[PDB]
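Enquirer: Please see the structure below; I have some questions.
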Amino acid sequence: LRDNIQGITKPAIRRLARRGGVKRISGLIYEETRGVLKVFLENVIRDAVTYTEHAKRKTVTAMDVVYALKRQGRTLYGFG
Amino acid sequence: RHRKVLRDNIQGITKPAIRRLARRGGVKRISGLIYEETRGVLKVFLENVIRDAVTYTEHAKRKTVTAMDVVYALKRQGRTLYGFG
Amino acid sequence: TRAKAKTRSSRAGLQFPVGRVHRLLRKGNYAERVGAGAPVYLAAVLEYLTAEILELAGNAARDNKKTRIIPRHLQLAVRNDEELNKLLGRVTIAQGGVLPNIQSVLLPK
Amino acid sequence: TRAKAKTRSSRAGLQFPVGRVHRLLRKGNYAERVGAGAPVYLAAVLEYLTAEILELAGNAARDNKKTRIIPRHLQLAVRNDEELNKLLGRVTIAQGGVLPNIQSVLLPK
Amino acid sequence: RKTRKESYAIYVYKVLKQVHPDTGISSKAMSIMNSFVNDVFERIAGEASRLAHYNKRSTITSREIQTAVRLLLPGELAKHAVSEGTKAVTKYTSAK
Amino acid sequence: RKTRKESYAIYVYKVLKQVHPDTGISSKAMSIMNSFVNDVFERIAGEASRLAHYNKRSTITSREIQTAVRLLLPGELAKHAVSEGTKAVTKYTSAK
Amino acid sequence: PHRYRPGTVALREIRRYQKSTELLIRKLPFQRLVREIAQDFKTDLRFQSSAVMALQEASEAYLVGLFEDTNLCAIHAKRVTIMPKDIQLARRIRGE
Amino acid sequence: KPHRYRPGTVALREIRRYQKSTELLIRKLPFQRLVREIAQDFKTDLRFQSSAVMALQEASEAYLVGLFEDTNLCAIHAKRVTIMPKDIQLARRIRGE
Amino acid sequence: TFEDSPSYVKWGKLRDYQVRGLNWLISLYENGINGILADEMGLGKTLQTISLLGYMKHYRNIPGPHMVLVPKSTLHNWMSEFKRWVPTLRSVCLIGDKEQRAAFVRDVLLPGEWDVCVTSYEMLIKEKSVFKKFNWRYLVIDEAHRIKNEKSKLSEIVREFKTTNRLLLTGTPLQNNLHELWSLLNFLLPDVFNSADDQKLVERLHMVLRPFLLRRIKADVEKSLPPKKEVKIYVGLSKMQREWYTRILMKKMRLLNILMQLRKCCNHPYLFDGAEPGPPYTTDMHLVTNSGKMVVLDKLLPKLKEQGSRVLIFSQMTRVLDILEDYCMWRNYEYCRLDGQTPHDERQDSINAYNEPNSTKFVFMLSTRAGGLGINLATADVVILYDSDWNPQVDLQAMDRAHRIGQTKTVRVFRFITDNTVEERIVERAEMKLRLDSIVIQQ
DNA sequence: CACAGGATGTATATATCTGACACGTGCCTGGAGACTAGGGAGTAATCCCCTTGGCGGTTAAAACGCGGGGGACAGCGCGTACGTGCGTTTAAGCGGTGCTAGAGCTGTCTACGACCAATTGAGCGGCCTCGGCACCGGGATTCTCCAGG
DNA sequence: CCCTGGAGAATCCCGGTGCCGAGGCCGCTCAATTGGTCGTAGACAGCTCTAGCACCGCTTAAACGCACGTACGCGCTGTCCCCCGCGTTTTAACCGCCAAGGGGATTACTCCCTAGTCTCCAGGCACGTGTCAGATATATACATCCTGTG
Ligand SMILES: Nc1ncnc2c1ncn2[C@@H]1O[C@H](COP(=O)(O)OP(=O)(O)O)[C@@H](O)[C@H]1O
């Protein structure tokens, strides 16, 4: 697969920014925020896949994701 | 009936000292209102750390605060301090 | 013969399981030995915290004309109370949204 | 009789106390049972990390034309290296100073 | 049937009925409360274990839990939690 | 005489002499190195214990230590450390 | 005809999305992105639905907090538009 | 008539000098008195070791240096050279304090 | 085998104590022993040292570095005496900041054209590194009770020097016990007195002290200066004082030194925070009643006003001194304040105005341990001690600040004592120390 | 507008002093060799849950383009607050009484409470079932915003 | 040029629906109950050595106040491009349903690993020792900045 990062489209980023509380958005914000999302996801997925490899499983689980998020200090209440 | 207090200890963190800290930080020009705010920020940080350290000292049934207590307090705060234990 | 059993929660007038807390403490590798009063104290602390959060969330849910407490109500109660915000500063509550906050500069003149 | 005693550290070709590490692991309340390869692995990892830090600190000392390492040299070694900086991104080194860092706008022009 | 699983759901429901007599909760909020109780348990227990390690004591006691709640809970929450725990310990020692 | 305390000073000295034939080290730097080794040991051991508890087991093993190393260290250091620890365990189990 | 001024629709959208509590990124594109990222670390990985949902929740919260801090930076710079420089300053102050 | 430096050369020289040195910058006696006054409110009749005050001074120095670095970054972002309490407050707010 | 002043001296005939001390020092030197000349004020220790140095210079040639360790306040006096009595003897002084000290040493010390050097204690501790290469032949120390105790930087460096001869000038060789006397004896003869020291005491002490000590007491030397007159006054404290005393005994106020809380607490309660009345802070009749000793002092004050003059008040606390100053101000009475916080210029102005022939100066509030060996008060009549310090020798210095050869009439001392307090034990220790010192040295 | 001179700050050597780091030895306690027993985990095998892949239809959403206002950004001017020097002034820093009792650490001894073991029965968790709450849709009240006079 | 009107949104009130929470029943496993026991902490005495508090010198560095002038922060203008709001068309998400298989999850076996003991001794820690690396001082030599002048 490729190019799927472009699937995080401009209207979605605008909705997220509006929830954040911004009013005017520059044109170059979208590539920067896509990069930020990519690095965040890479960290989380790296840790989750390592947890799953230790578990000797081929399925990544909500518990693995929560453990990774806790290890990074972003505890997620509501998934186990 | 002849008493005259000296000063408050927050004023002991003098303007030249705050200037030296700013130079080490890497700033060139400083406003005049920075000093009071920096004194307040230092007081807040010290209060948090000293509260944690006094909690540890009280629990150990000790009346003397220790470098290990300070290090434990800083580790709790998330400010690991190497060089003391 | 043997007497009727009484739960340690009943003896302490608690609503949280003292026996379960003691079992988790002993099985959790926290320390070699565990005292009698530590589970009671910990259960009381947990009960107080749960009651506080539930009371604030119930007030929030009642103010919005509901009867079910939902994650939005929980997040409202947590983020509108300063001490609970400090306790849960680095916690994401699923499907909780954000508090209304529009900066005064952005408002129309 | 018996066999001449040789340490597990020298047995695995290390310079770190596998026996002491094993004792610390067993006494630290981490698990109710500890294996046999775990202390060896941990000592090897600690040895590698210590070698890396000491290598960089000695290089900094020789660049500064000295023959003894000080916390300033340790700080210069920890910073200027991305991976060690990420590992020690929350550690304060006593009397270690700060890296030279002056922004371009503050330079005269 | 699936293998049994633990939960604080019934005790949360009891406390909820004590506080708000006629207010219910949903499954998502119950899961959040379960996770919150687990997290607070983990943090307090870890602090108590570290205290016991530092003081070179092999037992976890009410003193350890009191010091841990003082260290972790901020301010008035800590004060009220300490008072509630002391009351519970007094009642347990008296009644038993 | 007085009491006795434990430190990694002699092993740090051995590695320092190995990696730099003539470069000494002062007291403060040695204390910092002792603190660094203690902190890394604490982090790795805690991660291994949490892994063992998550997977519902009771033994800390080389698999747990390797996974903890991968989760803790950032990348290139992680792979180098894993390789050399695997080498050490291989030497230990080869003819011993 | 009729045409709202440039910015009142934005404020209505801000109010509405701050009141709402649902997800904003399309689930199938997010899932495809997660699979593509996981392709590098491991081959033939399967995911539970809750895992993808939790990843989505965490990503949304992280981006929302980052955007709030970016707007604070933009206000500090005597501006209403947010810029990559503001995002980078927020990231640098946070320490990532 | 007497020699004078332009407004900013001495500042940059001081920046280099204090970024090269490793010693502390605030005064031991005033800092110790401040620590005693702060701890008296939390508990009276407290004794302080000599190493505790030094450790507190080290930690405070590191924290204040990092804070000033972030403050200067914010002030440069605002296209200024002067730092201000606004920059301090913004740095604290973004760091989460 | 010197009963008379030699011919090389200028402006001096001696009163035979100088010649006796010179003969004793010469005999000790010939035997190869360094001793302590323990004369206490008025018998010319400086004059004895000058005579010894002039003798060594003029007679069989023994030139070398001559060290004169004196308090910084005495440098000018010693220089004046050196230049006035023996002009042939050549002396220099090392004082000033780093630049002046470096210039002076590089111009004079390294060439070594000098004969005598006069230095202070702090200059010596600073310039030890330069005062090591030279060979030392005779080391003269005035007020030897500065190095009276083992350990300290000054004691260590003074024991470091290699000196052929040593000489100590002091008035009170024994202060608290035998330990400081043994320390001085060890400084004199490190090998002889290596031992750490009525058969095991008293008699052996006298036997040891006879060959190595020689002191002549002013009382038996001057045959003038009529004696003292001490009055002991017992003081009951106020009820508020007693309840504060009880509170301090049992236990948010700082509590670190119970001994020195009860001390000032028996003296005046307003030193504590909150003891004084509210925002008015008006001085009226509550300064007196709230302190029992203050009551007695306030009663004696009109008596001192109506009869005699030149009253001296000695106190050990700056807070008590300032409170007494404020009280004397409220009573619209003249006072003069001297303490360690008063700089030298105002000190001199105050003492000059006080010794002025016809002055209205009534109260001279003098802190006991301020200043050194100076301030020659002779017209004073009444000496009052609000408190007494641990050292009876310090008390003796305080009482002899007014008790001087210029005084013609007997002078009176009034002591105020607080009952049911540790002040009784302090007075007992002071009195037993004074009795021991008198029965050991005075006879 | 550029160069050249002068003042100041700084880098660089050599010589001294000193106190700490590197080293040796002796003693000790905890690490190592040799043995045992028990139980946790590795392996094999089976069930069924959940993931993946697929299709078809619908409609909300995204992409695209267009027209226009407002906000970023460069520039200009002002007048003020901060940096650079200087002469006084505290006050830190160090070294001394002068006493101290006080708190931390080691050794010894003893009681009590936490653990382990066997037994037993309420307390929970999982499975059902049913009704009130939330939701979706429709229809009819304010409240804000934007031209236009 | 605030006031007014049209429109657009937001809001409120009923009415019908679907489902998720709430209640009730069954089995069982984990907690309660006694009883015996062994370390672990409590309690107490002794040492001792460091931390207090109120003065008293003495020295030197760092603060403190001050005047001047100069960049710099701050406000105002004006251009202009970029972002916003709206209508349209295309795209793909979303929602149901279906089929197949991989893989998670459980259970039973069995063995090999680790905990626990006991000797035995050597590696490590403390205590005492001595040479050198580093700090400092002082005097050059070098580099940098600032101002005046052709
Ligand atoms: N040359 C002298 N001969 C006799 N008595 C003297 C002499 N000089 C001073 N005195 C008296 O001795 C007292 C203090 O003398 P002091 O200064 O100790 O002498 P020195 O300076 O020689 O030691 C003074 O009150 C004075 O009256």
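Going by Swiss-Prot, the residues shown for chain H are 38-134, listed in order.
Cβ from N, Cα, C; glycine included.
Taken from Swiss-Prot, the feature S-palmitoyl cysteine applies to H:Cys111. Look at Swiss-Prot and you will find H:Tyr42 tagged as phosphotyrosine, backed by similarity to another entry. Residues or ranges marked as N6-glutaryllysine in Swiss-Prot (evidence: similarity to another entry): H:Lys57, H:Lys116, H:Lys123 (among others). The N6,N6,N6-trimethyllysine annotation in Swiss-Prot covers H:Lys57, H:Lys80 and is backed by similarity to another entry. Per Swiss-Prot, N6-(2-hydroxyisobutyryl)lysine is recorded for H:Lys57, H:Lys65, H:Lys80 (among others). The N6-succinyllysine annotation in Swiss-Prot covers H:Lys80 (among others). Feature annotation from Swiss-Prot assigns phosphothreonine to H:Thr81 (among others). The phosphoserine feature in Swiss-Prot is assigned to H:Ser87 (among others); the stated evidence is similarity to another entry.
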Enquirer: Among the recorded positions H:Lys57, H:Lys65, H:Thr81, H:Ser87, H:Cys111, H:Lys123, say which ones reach under 8 Å of chain G by Cβ distance, listed as they appear in sequence.
Expert: H:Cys111, H:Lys123
Enquirer: On a C-alpha basis, identify the one among H:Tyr42, H:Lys116, H:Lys123 that is nearest to H:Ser87 (phosphoserine); the candidates are the modified residues.
Expert: H:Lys123
Enquirer: With 8 Å as the upper Cβ-Cβ limit, not reached, which of the modified residues H:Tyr42, H:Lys80, H:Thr81 neighbour chain I?
Expert: H:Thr81
Enquirer: Around H:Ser87 (phosphoserine), how many other CB atoms lie within 10 A of its CB?
Expert: 10
Enquirer: Near chain D, which of the modified residues H:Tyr42, H:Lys57, H:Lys80, H:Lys123 can you find when the cut-off is a Cβ distance under 8 Å?
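Expert: Contact set vs D: H:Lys57.
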Enquirer: Could you give the Cα-Cα distance between H:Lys57 (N6-glutaryllysine) and H:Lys65 (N6-(2-hydroxyisobutyryl)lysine), in whole Å?
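Expert: Cα-Cα, rounded: 21 Å.
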Enquirer: So among H:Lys80, H:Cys111, H:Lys116, H:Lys123, all listed as recorded positions, which is physically nearest to the residue listed as 'phosphotyrosine'? Use the C-alpha atoms.
Expert: H:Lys116
Enquirer: About how far apart, in whole Å, are the alpha carbons (Cα) of H:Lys116 (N6-glutaryllysine) and H:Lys123 (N6-glutaryllysine)?
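Expert: Spelling it out, the Cα of H:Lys116 (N6-glutaryllysine) and the Cα of H:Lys123 (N6-glutaryllysine) are 14 Å apart.
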Enquirer: Rank the modified residues H:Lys57, H:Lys116 by how many other Cβ atoms lie within 10 Å of each Cβ and give me the one with the fewest.
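Expert: So among H:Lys57, H:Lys116, the modified residues given, the one with the fewest Cβ atoms within 10 Å is H:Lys116.
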Enquirer: Note down the number of other Cβ atoms within 10 Å of the Cβ of H:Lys123 (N6-glutaryllysine), including every protein chain shown.
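Expert: A count of 16.
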Enquirer: Nearest to H:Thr81 (phosphothreonine) by Cα, among H:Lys65, H:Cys111, H:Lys123 (recorded positions)?
Expert: H:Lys65
Enquirer: State the Cα to Cα distance, in Å, between H:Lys123 (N6-glutaryllysine) and H:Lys80 (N6-(2-hydroxyisobutyryl)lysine), rounded to an integer.
Expert: 34
Enquirer: Around the C-beta of H:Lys80 (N6-(2-hydroxyisobutyryl)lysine), how many further C-beta atoms are within 10 angstroms, looking at every protein chain?
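Expert: Its Cβ has 16 other Cβ atoms within 10 Å.
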Enquirer: Of H:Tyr42, H:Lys65, H:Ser87, H:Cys111, H:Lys116, H:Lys123, listed here as recorded positions, which sit with their C-beta under 8 angstroms from a C-beta of chain B?
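Expert: Qualifying residues, whose Cβ lies under 8 Å from chain B: none.
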Enquirer: Whole-number Å only: compute the distance from the Cα of H:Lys65 (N6-(2-hydroxyisobutyryl)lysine) to the Cα of H:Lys80 (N6-(2-hydroxyisobutyryl)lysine).
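Expert: It is 22 Å, counting Cα to Cα.
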Enquirer: H:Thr81 (phosphothreonine) has how many other Cβ neighbours within 10 Å of its own Cβ?
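Expert: Step by step: centre on the Cβ of H:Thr81 (phosphothreonine), count other Cβ atoms within 10 Å, giving 11.
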Enquirer: Let me spell it out: for each of the recorded positions (H:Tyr42, H:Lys65, H:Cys111), count the other Cβ atoms within 10 Å of that residue's Cβ, using every protein chain shown. Which one has the most?
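Expert: Answer by Cβ density within 10 Å: H:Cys111.
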